[PDB]
Number of protein chains: 6
Amino acid sequence: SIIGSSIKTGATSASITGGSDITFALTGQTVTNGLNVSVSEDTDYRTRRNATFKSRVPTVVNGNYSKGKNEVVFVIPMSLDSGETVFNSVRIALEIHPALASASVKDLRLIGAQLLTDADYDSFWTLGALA
Amino acid sequence: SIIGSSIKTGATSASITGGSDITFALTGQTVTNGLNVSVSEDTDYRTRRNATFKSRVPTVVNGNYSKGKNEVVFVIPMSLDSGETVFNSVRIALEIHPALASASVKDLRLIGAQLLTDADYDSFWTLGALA
Amino acid sequence: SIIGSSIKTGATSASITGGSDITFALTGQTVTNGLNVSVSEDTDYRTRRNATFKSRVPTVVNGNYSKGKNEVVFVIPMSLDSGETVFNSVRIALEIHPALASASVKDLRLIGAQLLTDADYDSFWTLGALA
Amino acid sequence: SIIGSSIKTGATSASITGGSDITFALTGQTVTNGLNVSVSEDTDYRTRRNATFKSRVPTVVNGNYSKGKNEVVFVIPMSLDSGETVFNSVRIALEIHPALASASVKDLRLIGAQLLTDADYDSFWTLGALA
Amino acid sequence: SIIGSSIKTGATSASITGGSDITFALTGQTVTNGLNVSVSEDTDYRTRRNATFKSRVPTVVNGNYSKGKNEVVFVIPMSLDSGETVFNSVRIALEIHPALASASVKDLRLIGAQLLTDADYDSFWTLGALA
Amino acid sequence: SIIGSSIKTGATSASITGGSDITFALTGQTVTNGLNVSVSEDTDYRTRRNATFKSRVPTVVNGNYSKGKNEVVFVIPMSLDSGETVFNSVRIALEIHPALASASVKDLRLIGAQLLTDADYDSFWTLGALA
């Protein structure tokens, strides 16, 4: 279902037919080049979904610029039966050279979002199935 | 607009209002535990957009499981004025522990894709703006 | 009057019948994982009252959490007759394990603040009196 | 909410709109320069809230006096799911040079209490949020 | 024009009759003792105007205070016909001893600004004239 | 207050609603590549405000120009309780490459002046705040 899948490029926008809200607040977990915001709507810190935003800037090397990198890491911590608590992590990193078109940047955001949420990729994401 | 942003958990589904289709086909670029599919709709091999799916399953070691990891990377190549061709990357990795709920797996997929597209973060991704 | 003193747990709130306001503003004195705010209402830099907020979040290590620590220190500087300026300190640290109830966190804040102000301990703080 | 917060100085007194009483009795835990009193109103020793009072006196060094230090440590012990029991600790230490005004000492007690209990600082104390 | 120039001291406030707005957002470039905010309104990072704020607070040596230093640097980047990209700088550093009058501090800010924006100095700033 | 501040670019001109005049006359202090003009209106040299103007023109290396540098430093001298006399400084240095737009030069002058004299930055300049 990965091979021969179809996804929209240059989409006008994307949206979500969704359920309840969730709201971020500042965590004050020291994070270099970024922020930590957790959801103040979960009641138990030991399992509060949080998210970390990072932004590395392009490097100026003798008139040549490297691509920059903007990461987000969203985390669901869960307490195992063993007592050891672990982390379920969705990470999305977007690396862009400044010379790319402002429109292609947003096309890239939306095409990644489709790669996450489309049904064609359900087997891949959930089961790990290649091809 | 990161601090205080609001997104949806337990969404029924996500969708996209957008333009033209793009179709994938298998590339055969060797990728370990993975798969390269490029678009058959772009014509120039230099600038032909391609994605790569890597997959690693939860493996049991010493009686208990290790969280598994499913990466995707979608790439827009562009030739720079200097001659070197550089890649523009969006990379989405998703690491799940086997104990997570089937429903919370899709909640992670949708809450991650919602961090790319939702206008609240629109200033973050484009401008690299921490606020 | 320590032995046998009585204070309130699960208080709805605490309040203060008192005089003039004092307003804080950011100082920029470098404080690691922290923040210096001094009063903009005192005028002399020598004797200008200032507070410092340090914050350390619960960090997971080897599958489980470590209790976090939030310090404050409020300082009244005074110049001594000998010339050396000395600081007068009230320091309030609060260490919470993530498993504590949200309500018991505020119960700790109020039961601690009630140990400063309640007249039973009034002889302890002023006179350094153990009884 | 820490930056630009307002608190009362030279307050006449502070109080607590509160719930049920709690009473301290002598613990006989050997504590240097101080006492241990636990609440005889909790029924299970393994989780009896206790408090420890310490008083270090000013040091006389050739006509010069160091500030003295009066600590209180209030502790909620809690039994984890792991079986290991840990301690939730509010600690309040007040360091005063004897030459400070008797009125400024009590202003310092009350200003620390406000720093604990005011709503402006809820985010800081609970979440660990700086600024 | 520099010799004999007249500028207002003890001014109430300064203003600017001008054109379009520009807004700053936090860059996420790591700066020692400092901050980087760039222009959220310029669309190409390669030429995004940005400002960097450094701050050092007065340091005390055995009762004697040192004048502190607040720097700002504002940069217009431009790429040359050489391909090399050069930074066009304006840097304003204000060094104040704590004992200075609160109003003399703001008089220094305003008198510095007049030294940039009065016509008497146009020849100096633009060309480098020393009369 | 620094993050999110708004300031005018492409401004026509800046002005100052202010108090009394002050006039400069040539000091006759020898300054390399520079000039010293002090205040003809302060009566005691010991505390006469003075300004020093330095200038370096763009230098050409085999056809390539170097950004030139125009410095100004303005000084309020004050004698301390120590007897020691310290200089209170504001220093503005404008470094321009010859290829920059004539109007962008004056826009830099005006935007630098706004960075001193806008309210958004009061906390930064006076105290040293970095937010």
# chains A, B, ... in the order shown; residues from 1 in each chain; ligands from 1
call {"tool": "interface_residues", "arguments": {"of": "chain E", "to": "chain B", "cutoff": "7 Å", "atoms": "only C-alpha atoms", "output": "NGL selection string"}}
result
:E and (25-28 or 40)
call {"tool": "write_last_selection", "arguments": {"atoms": "N, CA and C atoms", "output": "tab-separated table (two decimals), in the first residue's frame"}}
result
chain	number	residue	atom	x	y	z
E	25	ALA	N	10.82	38.22	16.58
E	25	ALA	CA	10.50	36.98	17.25
E	25	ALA	C	11.80	36.28	17.61
E	26	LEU	N	11.74	35.45	18.65
E	26	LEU	CA	12.95	34.83	19.18
E	26	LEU	C	13.55	33.83	18.19
E	27	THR	N	14.84	34.00	17.91
E	27	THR	CA	15.49	33.24	16.84
E	27	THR	C	15.71	31.79	17.24
E	28	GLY	N	16.19	31.56	18.46
E	28	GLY	CA	16.70	30.26	18.81
E	28	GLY	C	18.14	30.04	18.41
E	40	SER	N	10.34	38.74	11.82
E	40	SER	CA	9.34	37.80	11.35
E	40	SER	C	8.68	38.24	10.05
call {"tool": "residues_around", "arguments": {"residues": "residue 81 of chain B", "least_positions_apart": "2", "cutoff": "12 Å", "atoms": "only C-alpha atoms", "output": "PyMOL selection string"}}
result
(chain A and resi 63-65+99-100) or (chain B and resi 78-79+83-86) or (chain E and resi 83)
call {"tool": "select_by_dssp", "arguments": {"residues": "segment 20-112 of chain E", "states": "strand (DSSP E or B)", "output": "JSON, numbers by chain"}}
result
{"E": [23, 24, 25, 26, 34, 35, 36, 37, 38, 39, 50, 51, 52, 53, 54, 55, 56, 60, 61, 64, 65, 68, 69, 70, 71, 72, 73, 74, 75, 76, 77, 78, 79, 85, 86, 87, 88, 89, 90, 91, 92, 93, 94, 95, 96]}
call {"tool": "select_by_dssp", "arguments": {"residues": "segment 5-110 of chain E", "states": "helix (DSSP H, G or I)", "output": "ChimeraX atom specification"}}
result
/E:45-47,102-110
call {"tool": "residues_around", "arguments": {"residues": "segment 105-112 of chain E", "least_positions_apart": "2", "cutoff": "9 Å", "atoms": "only C-alpha atoms", "output": "JSON, numbers by chain"}}
result
{"E": [7, 8, 9, 10, 11, 12, 13, 14, 92, 94, 96, 100, 101, 102, 103, 114, 115, 116, 117], "F": [16, 72, 73, 74, 75, 76, 88, 89, 90, 91, 92, 113, 116, 117, 122, 125, 126]}
call {"tool": "write_last_selection", "arguments": {"atoms": "N, CA and C atoms", "output": "CSV table (one decimal), in the first residue's frame"}}
result
chain,number,residue,atom,x,y,z
E,7,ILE,N,21.9,69.6,21.0
E,7,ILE,CA,21.0,68.5,21.2
E,7,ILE,C,20.4,68.6,22.6
E,8,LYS,N,19.1,68.1,22.7
E,8,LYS,CA,18.4,68.3,23.9
E,8,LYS,C,18.8,67.3,25.0
E,9,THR,N,19.0,67.8,26.2
E,9,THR,CA,19.2,66.9,27.4
E,9,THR,C,18.0,67.1,28.3
E,10,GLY,N,17.8,66.2,29.2
E,10,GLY,CA,16.6,66.1,30.1
E,10,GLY,C,15.3,66.1,29.2
E,11,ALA,N,15.3,65.4,28.1
E,11,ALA,CA,14.2,65.3,27.3
E,11,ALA,C,13.1,64.4,27.9
E,12,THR,N,11.8,64.7,27.7
E,12,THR,CA,10.7,63.9,28.2
E,12,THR,C,10.7,62.6,27.5
E,13,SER,N,10.6,62.6,26.1
E,13,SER,CA,10.6,61.3,25.4
E,13,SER,C,10.9,61.6,23.9
E,14,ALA,N,11.4,60.6,23.2
E,14,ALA,CA,11.7,60.7,21.8
E,14,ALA,C,10.7,59.9,21.0
E,92,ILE,N,24.9,49.4,19.6
E,92,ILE,CA,24.7,50.4,20.7
E,92,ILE,C,24.9,49.7,22.0
E,94,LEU,N,25.5,50.5,26.2
E,94,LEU,CA,25.3,51.4,27.2
E,94,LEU,C,25.8,50.9,28.5
E,96,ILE,N,26.7,51.6,32.4
E,96,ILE,CA,26.2,52.4,33.5
E,96,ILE,C,26.7,51.9,34.9
E,100,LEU,N,24.5,55.9,39.2
E,100,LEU,CA,24.0,57.0,38.4
E,100,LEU,C,22.5,57.3,38.6
E,101,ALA,N,22.1,58.5,38.4
E,101,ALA,CA,20.7,58.9,38.6
E,101,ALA,C,19.9,58.1,37.6
E,102,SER,N,18.7,57.6,38.1
E,102,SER,CA,17.8,56.9,37.3
E,102,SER,C,17.4,57.7,36.0
E,103,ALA,N,17.2,59.1,36.2
E,103,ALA,CA,16.8,59.9,35.0
E,103,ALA,C,18.0,60.2,34.1
E,114,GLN,N,19.7,60.9,19.8
E,114,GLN,CA,19.8,62.2,19.0
E,114,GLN,C,21.1,62.2,18.3
E,115,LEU,N,22.2,61.7,18.9
E,115,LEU,CA,23.5,61.7,18.1
E,115,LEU,C,23.4,60.8,16.9
E,116,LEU,N,22.5,59.8,16.8
E,116,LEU,CA,22.3,59.2,15.5
E,116,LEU,C,21.4,60.0,14.6
E,117,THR,N,20.3,60.5,15.1
E,117,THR,CA,19.2,60.9,14.2
E,117,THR,C,19.1,62.5,14.1
F,16,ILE,N,12.5,64.4,19.1
F,16,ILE,CA,12.5,64.2,20.5
F,16,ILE,C,11.8,65.4,21.2
F,72,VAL,N,30.9,56.8,17.9
F,72,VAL,CA,30.7,57.9,18.8
F,72,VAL,C,30.6,57.3,20.2
F,73,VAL,N,31.2,58.0,21.2
F,73,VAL,CA,31.1,57.7,22.6
F,73,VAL,C,30.8,58.9,23.4
F,74,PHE,N,29.8,58.9,24.2
F,74,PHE,CA,29.3,60.0,25.0
F,74,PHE,C,29.4,59.6,26.5
F,75,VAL,N,30.0,60.5,27.3
F,75,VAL,CA,30.4,60.2,28.6
F,75,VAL,C,29.9,61.2,29.6
F,76,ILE,N,29.3,60.7,30.6
F,76,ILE,CA,29.0,61.5,31.9
F,76,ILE,C,30.0,61.1,32.9
F,88,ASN,N,30.6,57.2,32.7
F,88,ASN,CA,29.4,56.6,32.3
F,88,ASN,C,29.1,56.7,30.8
F,89,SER,N,29.1,55.6,30.1
F,89,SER,CA,29.3,55.6,28.7
F,89,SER,C,28.0,55.2,27.9
F,90,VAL,N,27.8,55.8,26.8
F,90,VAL,CA,27.0,55.3,25.7
F,90,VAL,C,27.8,55.4,24.4
F,91,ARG,N,27.9,54.2,23.7
F,91,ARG,CA,28.7,54.1,22.5
F,91,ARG,C,27.9,53.6,21.4
F,92,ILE,N,27.9,54.3,20.2
F,92,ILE,CA,27.2,53.9,19.1
F,92,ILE,C,28.2,53.8,17.9
F,113,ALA,N,18.3,54.1,16.8
F,113,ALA,CA,17.8,55.0,17.8
F,113,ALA,C,16.5,54.5,18.5
F,116,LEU,N,17.2,52.2,21.3
F,116,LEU,CA,17.4,52.9,22.6
F,116,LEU,C,16.2,53.4,23.2
F,117,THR,N,15.3,54.1,22.4
F,117,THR,CA,14.3,55.0,23.0
F,117,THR,C,12.9,54.5,23.0
F,122,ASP,N,12.9,49.4,27.7
F,122,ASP,CA,13.2,50.0,28.9
F,122,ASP,C,13.8,49.0,29.9
F,125,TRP,N,17.4,47.9,28.9
F,125,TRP,CA,18.5,48.9,29.1
F,125,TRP,C,18.7,49.2,30.5
F,126,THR,N,17.7,49.5,31.3
F,126,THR,CA,17.9,49.9,32.7
F,126,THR,C,18.4,48.8,33.5
call {"tool": "residues_around", "arguments": {"residues": "residue 97 of chain D", "least_positions_apart": "4", "cutoff": "7 Å", "atoms": "only C-alpha atoms", "output": "list in words"}}
result
residues 88 of chain C; 66, 67 and 68 of chain D
call {"tool": "atom_distance", "arguments": {"atom1": "atom CA of residue 21 of chain E", "atom2": "atom CA of residue 6 of chain F"}}
result
6.3 Å
call {"tool": "residues_around", "arguments": {"residues": "residue 54 of chain E", "least_positions_apart": "3", "cutoff": "6 Å", "atoms": "only C-alpha atoms", "output": "PDB file with N, CA and C atoms, in the first residue's frame"}}
result
ATOM      1  N   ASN E  33      25.108  34.885  27.249  1.00  0.00           N
ATOM      2  CA  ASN E  33      24.592  36.034  27.999  1.00  0.00           C
ATOM      3  C   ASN E  33      23.614  36.864  27.179  1.00  0.00           C
ATOM      4  N   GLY E  34      23.045  36.290  26.122  1.00  0.00           N
ATOM      5  CA  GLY E  34      22.315  37.113  25.186  1.00  0.00           C
ATOM      6  C   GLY E  34      21.156  36.418  24.509  1.00  0.00           C
ATOM      7  N   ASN E  70      25.123  46.894  28.606  1.00  0.00           N
ATOM      8  CA  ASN E  70      23.990  46.376  27.839  1.00  0.00           C
ATOM      9  C   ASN E  70      24.231  46.680  26.361  1.00  0.00           C
ATOM     10  N   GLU E  71      24.506  45.643  25.567  1.00  0.00           N
ATOM     11  CA  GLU E  71      24.758  45.795  24.140  1.00  0.00           C
ATOM     12  C   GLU E  71      23.553  45.370  23.316  1.00  0.00           C
TER      13      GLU E  71
END
call {"tool": "atom_distance", "arguments": {"atom1": "atom CA of residue 55 of chain E", "atom2": "atom CA of residue 23 of chain C"}}
result
21.8 Å
call {"tool": "atom_distance", "arguments": {"atom1": "atom CA of residue 32 of chain F", "atom2": "atom CA of residue 45 of chain F"}}
result
21.6 Å
